[PDB]
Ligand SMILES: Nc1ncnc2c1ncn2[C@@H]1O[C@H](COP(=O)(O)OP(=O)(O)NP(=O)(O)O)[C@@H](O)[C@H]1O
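Quick heads-up: it's one chain on its own, the form solved without this ligand, in structure tokens.
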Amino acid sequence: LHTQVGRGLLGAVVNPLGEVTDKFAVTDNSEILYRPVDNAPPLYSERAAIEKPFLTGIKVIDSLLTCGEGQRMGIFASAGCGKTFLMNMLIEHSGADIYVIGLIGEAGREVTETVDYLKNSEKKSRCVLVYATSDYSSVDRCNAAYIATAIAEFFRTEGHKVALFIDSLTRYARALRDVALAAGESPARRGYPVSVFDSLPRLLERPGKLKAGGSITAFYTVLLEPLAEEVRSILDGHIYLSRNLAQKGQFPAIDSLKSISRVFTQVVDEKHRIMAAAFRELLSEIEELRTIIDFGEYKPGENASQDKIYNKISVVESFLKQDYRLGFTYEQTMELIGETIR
């Protein structure tokens, strides 16, 4: 019910008991303080309105799905689809002050995959990893998410721009269902006033930007295969990783036409907003021609409008794809997308 926080956790891997068990980086600072894991959410009067962009360095996101400081964004994918590789990019190419990663219920050579990644990351000195493998109990698998959030909340009160990753909400929700059985309750025959099922919106309401402090921009992963629609109505947007786009060699497999950032128009300016709308129309026209092509109905020179759209497919695909080791500045992204829409 209380856990370690502070700058002394930077570079450390913490287990569901709040103990440091490993380090992927060692830091000068030793500050270790103690805070409760069940913090209340910010009153509406303490939250600031989301109005500043959280740049990710990912071209399709920064242009068409622009995130905001304090936003909570879902990442929806069937494994895999590359959900883990997209998050690695989000860590590597964004510009947060501090990254806090929570691996819930993952097999556990998965955690070493991530520790090893963090061990070689340029952001190693500003990450904290909280983990829970599959051997740990459902109470412990749940507690990893609560501990990661409390750690992130401390850094936000200190004024830091924090990014939080919970992977995954699905296995969290599964462990959450197991915990509910201990209380005698199931999704249909649920408890009141306290159900573990309503622990889900409370955990998700903790991110945001404080008027008197920093911000927590949170990314929650959801594994596709009903959990997704409730999380969908709680969050401020969702990124959809497509089984189709991965098989065709498009990474990141983000389907822009099925993804949205609801604060988009509050966090980019007008000259951005016009280019994004024009590009979204170009994608929609490319898909419609794909189905004309698959139907064997496209013939060059027959329809000048289709021919122009056809010759744009390669430059749009070139903009969409991104080498996972490459990050792009906002100016670079807007310059590239404008040439695409030219």
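Residues carry their position along the shown sequence, with the first being 1.
Student: If you count the residues of the deposited sequence that sit between residue 225 and residue 226 but have no coordinates, do you get none, 1 to 3, 4 to 9, or 10 or more?
Tutor: Some 4 to 9 residues are missing between them.
Student: Quick check: 257-265 versus 101-109, which has the larger average CA B-factor in the record?
Tutor: Mean C-alpha B-factor is greater for 101-109.
Student: Between 60-68 and 312-320, name whichever shows the higher mean Cα B factor according to the PDB entry.
Tutor: Averaged over C-alpha atoms, the B-factors run higher in 312-320.
Student: Just the C-alpha B-factor column, please: which of 307, 38, 31, 287 has the biggest number?
Tutor: By C-alpha B-factor in the record, 38 ranks first.
Student: Determine which member of 117, 219, 192, 85 has the highest CA B-factor, using the values in the deposited entry.
Tutor: Highest C-alpha B-factor among the listed options: 192.
Student: Comparing residue 300 with the other modelled residues of its chain, is its CA B-factor in the lowest, middle or highest third?
Tutor: It falls in the middle third of the chain.
Student: Grab the CA temperature factor for residue 160 from the record and place it in the lowest, middle or highest third of its chain.
Tutor: For residue 160, the deposited C-alpha B-factor lands in the lowest third.
Student: Compared with the other modelled residues in the chain, in which third is the CA B-factor of residue 278?
Tutor: Residue 278: CA B-factor falls in the lowest third of its chain.
Student: C-alpha B factor of residue 215, ranked within the chain: lowest, middle or highest third?
Tutor: Lowest third, going by the recorded CA B-factors of the chain.
Student: What third of the chain, by the recorded C-alpha B-factor, contains residue 89?
Tutor: As the PDB entry reports it, the C-alpha B-factor of residue 89 lands in the lowest third of its chain.
From this point on, the text means the form solved in complex with this ligand, which you will not see here.
Student: From the list 108, 80, 95, 201, which entry has a heavy atom within 4.5 Å of this ligand in the deposited bound form?
Tutor: After the contact test, the surviving option is 80.
Student: From the list 89, 196, 173, 150, which entry has a heavy atom within 4.5 Å of this ligand in the deposited bound form?
Tutor: Of the listed residues, the single hit is 89.
Student: Can all three of 85, 252 and 322 be found with a heavy atom no more than 4.5 Å from this ligand in the deposited bound form?
Tutor: Judged in the deposited bound form, 85, 252 and 322 all sit within 4.5 Å of this ligand.
Student: Okay, which stretch from 208-216, 72-80, 227-235, 177-185 lines this ligand in the deposited bound form, with non-hydrogen atoms inside 4.5 Å?
Tutor: In the other structure, the partner sits against 72-80.
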